[PDB]
Structure formats: structure tokens, C-alpha cells
Amino acid sequence: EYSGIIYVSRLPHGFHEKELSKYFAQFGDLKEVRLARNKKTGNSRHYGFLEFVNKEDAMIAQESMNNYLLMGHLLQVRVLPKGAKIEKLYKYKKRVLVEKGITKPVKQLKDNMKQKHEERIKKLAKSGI
Amino acid sequence: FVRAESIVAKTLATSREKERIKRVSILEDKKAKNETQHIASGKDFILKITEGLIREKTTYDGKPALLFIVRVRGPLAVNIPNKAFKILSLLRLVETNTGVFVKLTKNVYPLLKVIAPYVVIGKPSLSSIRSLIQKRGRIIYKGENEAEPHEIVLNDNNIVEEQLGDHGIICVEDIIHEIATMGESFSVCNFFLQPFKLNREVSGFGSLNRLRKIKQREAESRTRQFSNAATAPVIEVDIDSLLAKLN
Amino acid sequence: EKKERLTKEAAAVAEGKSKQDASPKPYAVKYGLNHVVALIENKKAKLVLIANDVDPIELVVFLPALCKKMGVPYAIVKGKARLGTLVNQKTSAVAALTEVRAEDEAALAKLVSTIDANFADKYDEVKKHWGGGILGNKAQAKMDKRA
Amino acid sequence: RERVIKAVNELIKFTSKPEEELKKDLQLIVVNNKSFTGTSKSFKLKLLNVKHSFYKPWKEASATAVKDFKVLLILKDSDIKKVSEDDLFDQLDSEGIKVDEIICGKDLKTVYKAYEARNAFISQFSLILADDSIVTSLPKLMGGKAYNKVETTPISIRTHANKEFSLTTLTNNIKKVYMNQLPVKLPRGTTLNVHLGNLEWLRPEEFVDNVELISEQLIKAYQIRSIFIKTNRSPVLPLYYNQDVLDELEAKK
RNA sequence: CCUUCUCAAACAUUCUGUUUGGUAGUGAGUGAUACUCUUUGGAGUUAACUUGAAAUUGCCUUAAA
């Protein structure tokens, strides 16, 4: 048979886990909600998973909102078979950068570049030009 | 029921207002710190609109002035954010269709610019101030009873002779003077005045009133515009004329 | 608006220029029954809306079959006054979208896809299944107490 | 400059070995420095000076191609009521080029939404210019897919004057930005590559005194220390090494 | 079922000229070689090509009732 887990796709912008939960909790009491996001500058990958309690709230939600058309992306939602046990899509945040350095005294890198000049020259020699 | 479209639209509008307030606040703070090299524009502006409508734009250069604020609603989806809710709850400006006085100075410009899309601002004449004073405006009192969680209407000038005789303020015409002249600190007076409560423009839902509502919304949408530009001037409409219909 | 564009073209036909070609192309719905049946079999109609309550039903009883035949996106709507509102009649009994503006192509495409997923597929049973064999209240309680 | 000519001649050798075809011979120049602007991104493009513009050969060079060189101008949403297309047709062919499509800022928010149509519109275009008062708003109306390219970006022009519209100003700047300037962005990190063009277009005997001025101008701006040359495949040519720039890495902190 | 940051100052006159500053996105996938720092932690950038906003699990209330 099927699970109690439901899967949604083709969500619009600005429709994140908060509003997903707030809306779908109008069909019962939900266990968990997870949405897909990015690793760097987390933005919505436009799908996610939910699961309330009963094996019938899932079918009610699907039958109700399978081809539902809100802001101009018509939604899609499927019921899952026994298990499949949603596992991932931890919620990320925008990746602020921090300068890692500088630590090494400029002299060994100066030797590095004084070598790299002729290193490039030999690379283009064998290429060869 | 909730009907997910509503909660989606509220989120979107709220994020817009959130980041607009973020922009304008960070810009104002960066101007205030005077490390002003990586900036956007030099000075600030004010835009006056008269009646398909003629406009101006001029620098402030304060020189304080006496401004009148009246609270309005919108726009249409915005779950009001904390920094604007704070300023309004400080100006005692919950519960729209209400009016407050304010001493426009050079340091309030970083506040009205934040609260711009929720109020309407104006510099009215003396007639508006005086007529508002003697038609509305209430006072809280205490004597012989009445543990005073309760207000009254301002019949008497002896109540003023009592609660303000230290500053020689008697006979609320003197308070009208103090307001219209920005005189003895204006602040005890304003915090005495118990900010007003004006009546709506169209009360209705008949058949002829839906027409007045439609025309009012269309004219408002034409005139009152909200920029989301983080550099926008504050807009000045004729409150001398607005108080005719709102008083 | 008709008299106003007539006054404008009245001005322009002789003063600057117009051969009924100063005002742009008009885009509006098509709402006549003979007209829409002749607009199918052309074929130019892009979406047909058919009222579900015509009292002499045999006027529209044949439109879904011809629509599926000629391959036109038909959809059956609840109410004929509802249709007449967007045509400025009292009832209209059919409406058609034949050509749309530039900004509405995505809207019309997504809408016809929605109608495909919701009307064309949800109703493969409709072709069979004579409906209406419903018992009353007392007769039903009688049979349900018996069996 | 002896190094300039020898490196360009040897890159000509590199391409003279006996889509992909037009791709495999585009000359680009790499430059790096200490470190760029921290935690910030930039979107304004700086139009360097030149003596021999590479925009002007590109007209006849791309006319006979499939990429179909074209031009876009974005005016403010108030001057499409003032500046007609025959005015530009007259005032511009007398110089040699024409602006083709005037797209109002409203057509970015009404007809060219729905990113499929937006990109189907955007790919058609090669030289893009933008009202100076809308360029600040264009990242919301055109999206980062356009910014991901060096030529699709909107290029700010000083349409306004003191005072109002005066299409004479638009004219007297569009020449300066078609036959006098050369655009390039400034990203984070250190590396910046400049598209000089293809070895089908304008010649090395002008590329020499062009790179001379491009160097002479950029070398003083960001304390740069490394300038190399390549064409789409070739190993990097050392044409610059200034160690008198790496000295302040231990003086900053 | 909301709707997008659409000029600021200065020095100048040739009837418009010059310097400055202002711009963080729809996701997913394909893909060529080049660099900058830091210890192994792989971060910042780098020629360009596909898609009906496409998808499956990367560690305030008279804007009422």
C-alpha cells in the first residue's frame, strides 16, 4: 500500500515551509515538513515533502490539490508507497564569505613566482610555442 | 478557511517591505556615520503635490516645521514590520482614521521616511488647527471620584489653568498659539492633547456608496504612490483640503 | 466607446489619414452560436466555453462531440448569465477565445493545459454511465430497512 | 611592445595549426592583482578608452554571420512619447550605425515576462544600452541570466542632461560609446579577462597601440601585477610581472 | 492571485561638455582551459550552450456580512 507521506512539486516563489505547513495543517495534524533548498545562497528548488498521521489525509490532500493552479504554476502532489522515509534537504542559508588569509610571509611566495615564470615558459615550450 | 493564495501573497509583500526598510535604514545609518564615500545621493528631498497633478521637489534645509500626520491603511497585503510598528506605537498611531501633531525637525527625517507608506503628511493652515482643536481633542482628568482610566471632552479652560498653570498656559487658545508657533517645547502640550480620532470619508455599502468608494480608490491610486526606492522624498498633499472631508 | 472611436476615425479619415487603419487591431471574445460553430471547422478558436444550462438543451448537446472531433479545447461552464456578463448580454450560451494579446500567451497556454488536466482526464467515465437512477427519501429508507 | 607583437604573432601561429569554429580563436587578456572588493559584488561596467574601436568592425564582421548583430536601447518610460525611430534613422546612418529596438521599461514587466520569452528576446541582441535612471532597476526586470554574459549586460548611457531629454545628448554619447569606448566588468577575486575580439576582425598593427593604452590606463587603477594573453585554448603567456605590488600584503595588516 | 530601487552632486558653456557614486538574481543540468590565496579546508574569479518558472530526498479590519 501507500504511506502517509506526500510530495509536492512546482511550488511558486515565496511559498516556503512556513506557509506549506500552515496551509496543509488545515487537513489534519502534520508530523514534519521539509522543502528543497540550495547550498549557496539558499533559494527554493521548488519541491518538498510532508506527512501528517493517517493514510487517508494524504489521499484527501492529493485528490484536492493535485492539479490545483495558484499563482501561475499549477501544483503537483503525489502519495508515496510504503516507506521511502524522507531523509534530506536540510535548510541552508546564504553563504557569506570570509577571507582565509593571509598567513604565509611573502618571501616563499616570491620564490614561488620567480619559479613560476620559467615554469610557464617551459609549459609553453613543450606545448609547444 | 485560509485559501493558500492569501498566505503566499502576504509573505511576498512582507518580504518586499522588509527589504525596503532594510535598504533605507542602512543607507540612513551610513549617511549618519559620515564615512560618506560609497553612497547613492547627497541630500534629501520633499515632494509637494497639488491638483493630472502638478508636482515639485525641493531640499529640506530645516528649519523645523509643524506637521500633521493622519494614519491610513495598506497596502493590501503588508504584515506591518517591527521597526515601523514601533514608530507608530510611539507616535500613538494604532487604529487608523486618527490624527497626531508632530514637530518636524532635521532628525525626524530618518523616521517619517521609514513610516512613509502608512500615513499621510501635511502642513495645514491656522484654520485647520483651530477648528480641529475646538471640534475634537480630549483630555483625561481627576477629581473627587473617578480613579481616571477615562477621558472627557474639553469644555473648560479652568482644567487647563490647573493642569498647565506652571507654564502660564490658560484658555486653550494659548495651546493653539503654542502649537502654531512651536513655542514652549510643544511636548507637554502634545502629550496633553490625547491624539485625535477623525471620522472616515465614506461610510457605506449601499448602492451609491460603492461608487464613492470606487472613485476614492481610483483617485488615491492615481495620486498617492509608493516608491520602494530607498531614496524617495516624503510627499505633501493638501491637508488644508483633506481635513474638510475628514473633519 | 464605439461612438468615441467612430468620432476619432471620423476626424482622421480626412485630416491626417485613416482607411479604418488608424485605430489598432481589436481583440475581443466571440459569442454567437452560429458564429462559434462556424469558427470551429476553420479552425481558429483556441478555447471554447459552453454554458451547461440551456433550457432547450439540444442547442448545445452536440458541441462537445464536434469539439473533440476537430481538436479544439472545449470546457463546460456553470451558468449562462455568467458568460453573458463578459459579453454584455443577459445570456450568451457560448464564448470563444480566438486570438489574444502578446502579454497573455503564457496565461492562455497554462490555462488550456489546466483545462486539459482537469476536464479532459478527470472525466473518462462520462461517456458511459447513464445517470439519474436516484431514489427518493421514503423509498430509500424503505429499501434500506428491508435489506 | 616587442613582447606585445611577438606574443600576438605567436598566438597567430597557435591558431594557424592544420559554434566551435568561431569560438576557437577569440583573443582574451587576463589580469590579476592583490585582492578585489570584499564581500561585495559589482554590476556597473567600466568603458575603457581606445583609439581603434573594435565595435565598429563588428558590424560588417557579424552581418555575414548567423549571430545577427543587433542593438537595443532601453529609454525611460516617458521618452517613448518623444523620441521616434525615424529621428534616429536620420541622425545615425549619417555616422554609420542604427539603433533598432526601443523597448520601454514597461515591456519588461508586461510582454517579456515568462523567462522563456525573455531569453528568446534577449539572445537576439548584441549591443545593449540602458537609460541611466533605469539601469539601477534592470536586474529585477531582466534577471541574472543576462548578467552572466559580457555583452548582454545593460550599458548605462547619460540620457539626461541639464536639462530635460534633449535627444541631442543621446546622440552625442552613443557615438562615444560605439566608436570610442570598450566595456568590461570588475568581479571579486583577482582574475579579469577582456574580450579583445577574434583574429578574423581588426588587425594586430592596431592591437599593439590598443593594448598599449589599455595597459597604460588599467595598470594604475587596482595595483595590478600580472597580465597574460590567450585565445580560447592557449597556455598563458607571461607578459607582466611586478613584484613591487606584492609588498603591501604584509603592510595592510 | 501581491507586483519590481525608473537621479545625486560638482566643475564648467559649445544651446550639453567632463569626473564621481548608485544595480546580489527562477531552479536544474551540460561544458573548454587559466589564475589567486590556504593548508589539504578547496575557497574567489574565468571562453558559452539547453529549458512550455520545467523539478524526488547533493551533508491595520467600514478592503463588511
# chains A, B, ... in the order shown; residues from 1 in each chain; ligands from 1
>>> closest_atom_pairs(of="chain D", to="chain B", cutoff="12 Å", atoms="only C-alpha atoms", output="Markdown table")
| residue | atom | partner | partner_atom | distance |
| --- | --- | --- | --- | --- |
| D:40 | CA | B:38 | CA | 11.9 |
| D:133 | CA | B:229 | CA | 11.9 |
| D:134 | CA | B:229 | CA | 11.8 |
| D:136 | CA | B:229 | CA | 10.2 |
| D:137 | CA | B:229 | CA | 9.6 |
>>> interface_residues(of="chain A", to="chain B", cutoff="8 Å", atoms="only C-alpha atoms", output="list in words")
residues 14, 15, 19, 23, 26, 70 and 71 of chain A
>>> residues_around(residues="residue 149 (chain D)", least_positions_apart="4", cutoff="12 Å", atoms="only C-alpha atoms (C1' of nucleotides)", output="count of residues only")
19
>>> atom_distance(atom1="CA of residue 30 (chain D)", atom2="CA of residue 194 (chain D)")
6.7 Å
>>> residues_around(residues="residue 224 (chain B)", least_positions_apart="5", cutoff="12 Å", atoms="only C-alpha atoms (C1' of nucleotides)", output="JSON, numbers by chain")
{"B": [47, 48, 49, 50, 53, 55, 72, 74, 75, 116, 117, 118, 119, 120, 121, 216, 217, 218, 219, 234, 235, 236, 237]}
>>> write_last_selection(atoms="C-alpha atoms", output="JSON list (two decimals), in the first residue's frame")
[["chain", "number", "residue", "atom", "x", "y", "z"],
["B", 47, "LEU", "CA", 7.78, 66.40, -3.00],
["B", 48, "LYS", "CA", 4.66, 68.58, -2.91],
["B", 49, "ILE", "CA", 1.64, 67.53, -4.99],
["B", 50, "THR", "CA", -1.28, 69.75, -5.98],
["B", 53, "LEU", "CA", -1.47, 66.61, -10.97],
["B", 55, "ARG", "CA", 4.40, 68.28, -8.51],
["B", 72, "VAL", "CA", -4.07, 55.32, 6.62],
["B", 74, "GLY", "CA", -2.19, 49.37, 3.33],
["B", 75, "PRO", "CA", -1.01, 48.46, 1.03],
["B", 116, "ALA", "CA", 6.02, 56.82, 4.68],
["B", 117, "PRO", "CA", 3.57, 54.26, 3.17],
["B", 118, "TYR", "CA", 1.25, 54.09, 6.20],
["B", 119, "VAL", "CA", 0.49, 57.76, 6.97],
["B", 120, "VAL", "CA", -0.38, 60.97, 5.17],
["B", 121, "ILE", "CA", 1.58, 64.12, 5.96],
["B", 216, "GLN", "CA", -11.94, 57.37, -3.93],
["B", 217, "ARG", "CA", -9.77, 54.30, -4.52],
["B", 218, "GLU", "CA", -9.05, 55.29, -8.13],
["B", 219, "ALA", "CA", -8.07, 58.86, -7.23],
["B", 234, "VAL", "CA", 8.35, 62.46, 1.52],
["B", 235, "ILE", "CA", 5.11, 63.52, -0.18],
["B", 236, "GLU", "CA", 2.97, 66.51, 0.84],
["B", 237, "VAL", "CA", -0.69, 66.72, -0.17]]
>>> interface_residues(of="chain A", to="chain C", cutoff="9 Å", atoms="only C-alpha atoms", output="PDB file with N, CA and C atoms, in the first residue's frame")
ATOM      1  N   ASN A  67      -3.896  19.056  -9.147  1.00  0.00           N
ATOM      2  CA  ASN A  67      -3.727  19.906 -10.319  1.00  0.00           C
ATOM      3  C   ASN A  67      -4.146  21.327 -10.005  1.00  0.00           C
ATOM      4  N   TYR A  68      -4.176  21.655  -8.719  1.00  0.00           N
ATOM      5  CA  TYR A  68      -4.546  22.984  -8.268  1.00  0.00           C
ATOM      6  C   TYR A  68      -3.614  24.029  -8.863  1.00  0.00           C
ATOM      7  N   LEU A  69      -4.201  25.138  -9.294  1.00  0.00           N
ATOM      8  CA  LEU A  69      -3.497  26.184 -10.026  1.00  0.00           C
ATOM      9  C   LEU A  69      -3.613  27.477  -9.227  1.00  0.00           C
ATOM     10  N   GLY A  72       0.895  31.577 -11.187  1.00  0.00           N
ATOM     11  CA  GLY A  72       0.801  30.759 -12.382  1.00  0.00           C
ATOM     12  C   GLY A  72       1.807  29.640 -12.538  1.00  0.00           C
ATOM     13  N   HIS A  73       1.824  28.764 -11.536  1.00  0.00           N
ATOM     14  CA  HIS A  73       2.394  27.428 -11.623  1.00  0.00           C
ATOM     15  C   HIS A  73       1.359  26.476 -11.054  1.00  0.00           C
ATOM     16  N   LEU A  74       0.827  25.587 -11.885  1.00  0.00           N
ATOM     17  CA  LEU A  74      -0.109  24.601 -11.368  1.00  0.00           C
ATOM     18  C   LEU A  74       0.639  23.523 -10.591  1.00  0.00           C
TER      19      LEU A  74
END
>>> atom_distance(atom1="CA of residue 67 (chain C)", atom2="CA of residue 100 (chain C)")
19.9 Å
>>> closest_residue(among="E:60, E:12, E:28, E:65", to="chain B", atoms="only C-alpha atoms (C1' of nucleotides)")
E:60
>>> residues_around(residues="region 188-201 of chain B", least_positions_apart="2", cutoff="10 Å", atoms="only C-alpha atoms (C1' of nucleotides)", output="number ranges by chain")
B: 70-71, 91-93, 95-103, 132-133, 136-140, 151, 154, 160, 163-164, 167, 169, 175-176, 178-179, 184-186, 203-204, 212-213, 216, 242-243, 245-247; E: 62
>>> decode(residues="region 1-56 of chain E", atoms="C-alpha atoms (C1' of nucleotides)", output="PDB file, in the first residue's frame")
ATOM      1  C1'   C E   1      -3.734  35.654  -7.151  1.00  0.00           C
ATOM      2  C1'   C E   2       0.948  40.940  -4.100  1.00  0.00           C
ATOM      3  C1'   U E   3       3.530  43.418  -8.271  1.00  0.00           C
ATOM      4  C1'   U E   4       9.505  45.118  -9.497  1.00  0.00           C
ATOM      5  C1'   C E   5      15.305  50.802  -6.209  1.00  0.00           C
ATOM      6  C1'   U E   6      12.641  54.104 -13.489  1.00  0.00           C
ATOM      7  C1'   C E   7      18.556  60.505 -10.420  1.00  0.00           C
ATOM      8  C1'   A E   8      22.595  62.900  -6.795  1.00  0.00           C
ATOM      9  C1'   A E   9      26.136  66.421  -6.525  1.00  0.00           C
ATOM     10  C1'   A E  10      30.289  69.094  -8.642  1.00  0.00           C
ATOM     11  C1'   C E  11      33.414  71.630 -12.105  1.00  0.00           C
ATOM     12  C1'   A E  12      32.148  74.170 -16.491  1.00  0.00           C
ATOM     13  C1'   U E  13      29.197  76.920 -21.573  1.00  0.00           C
ATOM     14  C1'   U E  14      29.844  74.879 -27.023  1.00  0.00           C
ATOM     15  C1'   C E  15      22.357  75.610 -26.796  1.00  0.00           C
ATOM     16  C1'   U E  16      25.488  69.547 -23.027  1.00  0.00           C
ATOM     17  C1'   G E  17      30.688  69.144 -22.136  1.00  0.00           C
ATOM     18  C1'   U E  18      33.715  66.196 -18.290  1.00  0.00           C
ATOM     19  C1'   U E  19      34.636  63.427 -13.128  1.00  0.00           C
ATOM     20  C1'   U E  20      32.134  60.825  -9.128  1.00  0.00           C
ATOM     21  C1'   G E  21      28.585  57.463  -6.890  1.00  0.00           C
ATOM     22  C1'   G E  22      24.102  54.406  -7.226  1.00  0.00           C
ATOM     23  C1'   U E  23      22.397  47.779  -9.646  1.00  0.00           C
ATOM     24  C1'   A E  24      23.184  40.446  -5.078  1.00  0.00           C
ATOM     25  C1'   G E  25      19.423  37.030  -9.476  1.00  0.00           C
ATOM     26  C1'   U E  26      13.939  31.157 -11.482  1.00  0.00           C
ATOM     27  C1'   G E  27      15.899  26.482 -10.436  1.00  0.00           C
ATOM     28  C1'   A E  28      18.191  22.381 -12.786  1.00  0.00           C
ATOM     29  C1'   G E  29      21.771  20.326 -15.984  1.00  0.00           C
ATOM     30  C1'   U E  30      25.798  20.332 -19.967  1.00  0.00           C
ATOM     31  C1'   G E  31      30.747  22.230 -20.564  1.00  0.00           C
ATOM     32  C1'   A E  32      36.862  24.263 -22.698  1.00  0.00           C
ATOM     33  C1'   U E  33      41.360  25.821 -20.112  1.00  0.00           C
ATOM     34  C1'   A E  34      43.551  29.585 -16.788  1.00  0.00           C
ATOM     35  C1'   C E  35      44.600  32.044 -12.430  1.00  0.00           C
ATOM     36  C1'   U E  36      44.690  33.841  -6.505  1.00  0.00           C
ATOM     37  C1'   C E  37      45.060  32.701  -1.597  1.00  0.00           C
ATOM     38  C1'   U E  38      45.347  28.473   2.182  1.00  0.00           C
ATOM     39  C1'   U E  39      46.919  24.079   4.074  1.00  0.00           C
ATOM     40  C1'   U E  40      44.793  19.858   2.296  1.00  0.00           C
ATOM     41  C1'   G E  41      39.991  23.114   4.411  1.00  0.00           C
ATOM     42  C1'   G E  42      39.181  23.747  -1.577  1.00  0.00           C
ATOM     43  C1'   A E  43      37.632  28.709  -1.328  1.00  0.00           C
ATOM     44  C1'   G E  44      37.224  33.748  -5.157  1.00  0.00           C
ATOM     45  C1'   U E  45      37.106  34.503 -10.394  1.00  0.00           C
ATOM     46  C1'   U E  46      37.400  32.512 -15.516  1.00  0.00           C
ATOM     47  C1'   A E  47      35.707  31.299 -23.312  1.00  0.00           C
ATOM     48  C1'   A E  48      29.374  29.569 -23.901  1.00  0.00           C
ATOM     49  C1'   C E  49      25.101  26.119 -24.643  1.00  0.00           C
ATOM     50  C1'   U E  50      19.871  23.707 -23.267  1.00  0.00           C
ATOM     51  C1'   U E  51      14.686  24.552 -20.913  1.00  0.00           C
ATOM     52  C1'   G E  52       6.082  25.259 -22.084  1.00  0.00           C
ATOM     53  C1'   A E  53       9.087  29.036 -13.917  1.00  0.00           C
ATOM     54  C1'   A E  54      10.373  22.834 -16.266  1.00  0.00           C
ATOM     55  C1'   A E  55      11.577  19.822 -10.538  1.00  0.00           C
ATOM     56  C1'   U E  56      12.048  13.079  -5.802  1.00  0.00           C
TER      57        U E  56
END
